[PDB]
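Reviewing the structure listed below.
Coordinate-derived values only; no laboratory data. Every residue, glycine as well, gets a Cβ built from its backbone with ideal geometry; the counts of neighbours run over all protein chains shown.
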Amino acid sequence: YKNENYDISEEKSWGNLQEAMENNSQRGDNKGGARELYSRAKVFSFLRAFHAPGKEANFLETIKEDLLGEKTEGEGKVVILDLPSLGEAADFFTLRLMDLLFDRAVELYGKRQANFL
Amino acid sequence: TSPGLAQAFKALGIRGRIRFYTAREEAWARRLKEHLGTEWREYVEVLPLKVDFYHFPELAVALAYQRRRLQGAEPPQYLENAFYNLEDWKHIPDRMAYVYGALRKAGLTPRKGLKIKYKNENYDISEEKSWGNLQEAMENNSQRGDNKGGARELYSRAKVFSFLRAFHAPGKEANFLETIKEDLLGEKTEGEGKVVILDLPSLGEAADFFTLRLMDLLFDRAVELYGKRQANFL
Amino acid sequence: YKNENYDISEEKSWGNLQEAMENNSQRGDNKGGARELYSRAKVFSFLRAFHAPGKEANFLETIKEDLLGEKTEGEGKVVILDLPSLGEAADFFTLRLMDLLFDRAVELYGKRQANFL
């Protein structure tokens, strides 16, 4: 932020970040997308269920590497997803995973086949 | 046991009428030799579908501008500016350095001896040491406002050209789109027939882009010939 | 442009006009319709087929004068259009032509009749 390096993992540095972020721009001029997101931040509360702090995991990428990876070519990997454990976000994740897999398969076209069901 | 057009033409004695475009020339040449014999070059002509993107940077920007765009279509602003104003940049060697640098940063292998004119010193992209010196010089200038945006955005966000590695062949200067137009509607290739067969699967994910662009090119030329001669192709 | 007069026909004056346009436009402040059109000029490239320098270069006005001109009242002039020569731009032109003619037919109501097929 600006030119200072705050550590949001710490309570005091996060408080300093919040104070510097809110107090400086006390003019209400050009409340763009980012500022209004910060104002309406409460819309992100439901993500606390399927969130784990810090793994660079992105299980969608893991599934993509399992089914269409370079070093996982062949090997016939069977992927089973426990959709009911995802609650109300199952449809979104299913659609995004399907789109990602289809785009990867299209990119691989001309070299090798996707070969999965 | 069902023959193709190349084998049908050989039986009928029709020579020099098939032009085969593919990105797998070696694979098809071996197959052609074992079916049409040693003299297979008298019936089929094999031509490459790969293009040197350094020679035609306008094809590189067009391919990236019309990519997958997962679900919500979000054409980035920096690609849109480069897509519309690339021809203007060609008259300015300073801006064209960022375009060539963006291609080299993505991983596109250039031809040997290729040189650019960044600032006032001639650098060698094909040489690894000189490529490093050019890369550092592009950060020394990029320390103030300068010309942020336009060409500089392409160099910074040069990962959009990563997928072009499959379609790039250094030192080609072919432009098969213009070659096919001359084959079918060329002034000197008047009549006399010409069968053009395109190996679409070898073009991967760019087959849809090149097929639509080729048909637009051919249809516009056919309109220009109206009142003079007919297109006469299927 | 501004207050200086140029000659876009001449190469050097056109270059001076370009220098005037892009030299002072290094602000990016509220890009409007005109500047956005200038930045996207290639959209007009397909018009190169139908363009012809001159002043009385408008076949629509000539056809309007032929079919509804006061000088050509009566006459019975037969107008035939070679539509295929207009390529992919025929439809538009045709529509426009009709609308133009129709407007004049409304403007002459009470004075005379259009009288054409």
In region B:190-203, which residues are away from every other protein chain (no Cβ under 14 Å) and surrounded by 13 or more Cβ atoms within 10 Å (Cβ to Cβ)?
B:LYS194, B:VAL195, B:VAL196, B:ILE197
Between B:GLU80, B:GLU139, which is on the phi < 0 side of the Ramachandran plot and either within 23 Å of the chain's Cα centre (by Cα) or buried (at least 16 other Cβ atoms within 10 Å of the Cβ) (or both)?
B:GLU80
What residue, among those in region B:204-218 that are among the charged types (D, E, K, R) and closer than 24 Å to B:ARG165 by Cα, is nearest to the other protein chains (Cβ to nearest Cβ)?
B:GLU205
Any idea how many residues of region B:139-162 are more than 22 Å from B:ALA64 (Cβ to Cβ) and among the aromatic types (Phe, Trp, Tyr)?
0
Single residue of C:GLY28, C:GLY15, C:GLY33 found to be within 30 Å of B:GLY145 (Cα to Cα), touching a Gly at 6+ places or on another chain (Cβ under 9 Å) and not hydrophobic (A, V, I, L, M, F, W, C)
C:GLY28
Taking region A:104-117 and the residues there that are within 11 Å of chain B (Cβ to nearest Cβ) and among the hydrophobic types (A, V, I, L, M, F, W, C), the one that is surrounded by the most Cβ atoms within 10 Å (Cβ to Cβ) would be A:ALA105
Return the only residue of C:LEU67, C:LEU101, C:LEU86, C:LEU95 being within 26 Å of B:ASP220 (Cα to Cα) and either within 14 Å of another protein chain (Cβ to nearest Cβ) or surrounded by 13 or more Cβ atoms within 10 Å (Cβ to Cβ) (or both).
C:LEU86
Which fully enclosed helices (runs of 4 or more DSSP H) of region B:8-123 have 2 or more residues being without any contact (Cβ under 8 Å) to a residue 24 or more places away in the chain?
B:25-36, B:57-65, B:77-89
Output the residues belonging to region B:70-83 that are more than 12 Å from chain C (Cβ to nearest Cβ) and among the acidic types (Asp, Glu).
B:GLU74
Just to be sure before I move on: is C:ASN16 in contact with a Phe, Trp or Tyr (Cβ under 7 Å, 6 or more places away or on another chain) and away from chain B (no Cβ under 14 Å) in the structure I sent?
yes
Checked region B:162-189 for anything part of a helix (DSSP H, G or I), surrounded by fewer than 17 Cβ atoms within 10 Å (Cβ to Cβ) and touching a residue at least 60 places away in the same chain (Cβ under 8 Å); matches are B:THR179
Does C:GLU61 fit the bill of being surrounded by 10 or more Cβ atoms within 10 Å (Cβ to Cβ) and either in contact with a helix residue (DSSP H, G or I) (Cβ under 9 Å, 6 or more places away or on another chain) or among the small types (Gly, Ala, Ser) (or both)?
yes
For region B:124-149, what are the residues that are in contact with a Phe, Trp or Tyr (Cβ under 8 Å, 6 or more places away or on another chain) and not in a strand (DSSP E or B)?
B:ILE125, B:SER130, B:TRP131, B:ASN133, B:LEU134, B:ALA137, B:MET138, B:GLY149
